[PDB]
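Coming up are structure 1 and structure 2: the same protein chain in two forms, each one given alone as C-alpha cells.
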Structure 1
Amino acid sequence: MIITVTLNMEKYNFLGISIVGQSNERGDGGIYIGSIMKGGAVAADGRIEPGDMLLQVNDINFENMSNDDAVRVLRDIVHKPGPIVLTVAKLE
C-alpha cells in the first residue's frame, strides 16, 4: 500500500521522525520511520506509522540511492520552508 502524505511546515518546526536504515550484506535495504515525535508535523497528520518505508520525497525517488544519500536528500529538503510530500510504503 503506498500512500502519499503532504505536510505543512508552516505549522511545525519538524517532521518529528527518526530515521532508521537497513542494510544487507550486499548493501541497502532502504530507510524507514523508526519512531514518531508527537509534536511534529508527521504525528499531527497521523497517517504514517512506525515501521513504514520511505520511498520518495518531493518527486525525488530513493529507490536506488544508498541509505546515506537518501537521508542527505531528505535533510536537504526538510531544511527548506514549504510543504513537503512523502511517499511511503505501509508496513504490512
Structure 2
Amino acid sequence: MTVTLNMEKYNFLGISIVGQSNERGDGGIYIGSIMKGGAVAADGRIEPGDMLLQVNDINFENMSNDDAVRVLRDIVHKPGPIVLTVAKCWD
C-alpha cells in the first residue's frame, strides 16, 4: 500500500511508531498505535503492527527507531502531502 495522506484537512498524522527485532537482527519499524484523531485513523487503511517501509521517498527499512521518530516528525512539519509506503502485516 501507498497511502497518500491529505494533511491540509487534518494537521496531525496520529501514529506512534516502534522498532522491533528478534535476536537475529531481523525486523524493522512498525505502526505502534493509531490515534483516534489524526490523518491515519481517518484514512483507515493502515493498522497497528503494519511495517513502515517508506515515507515521502525516505526509506525506513533500516532506520534506527529514534531517528525514525524524529525524521517522521520533521517530514510532518514540511507542509504538504505525506506518502507512506506500508507492508500490511495482519497483526
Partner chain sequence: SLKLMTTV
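Rigid core here is just the name for the largest C-alpha set that superposes within 1.5 Å across the two forms. Numbers follow structure 1, counted from its first residue as 1.
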I need to confirm something. Of structure 1 and structure 2, which is the form solved without its partner chain?
2
Any idea which of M53, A44, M65, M37 has its C-alpha shifted 2 Å or more between the two structures with the rigid core fixed?
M65
Once everything's superposed on the core, is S23 shifted 2 Å or more at the Cα between the two structures?
yes
Here the CA of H79, compared between the two structures on the core, is shifted in angstrom by 1.3
Check the Cα of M9 between the two structures on a core superposition and give its shift in Å.
0.8
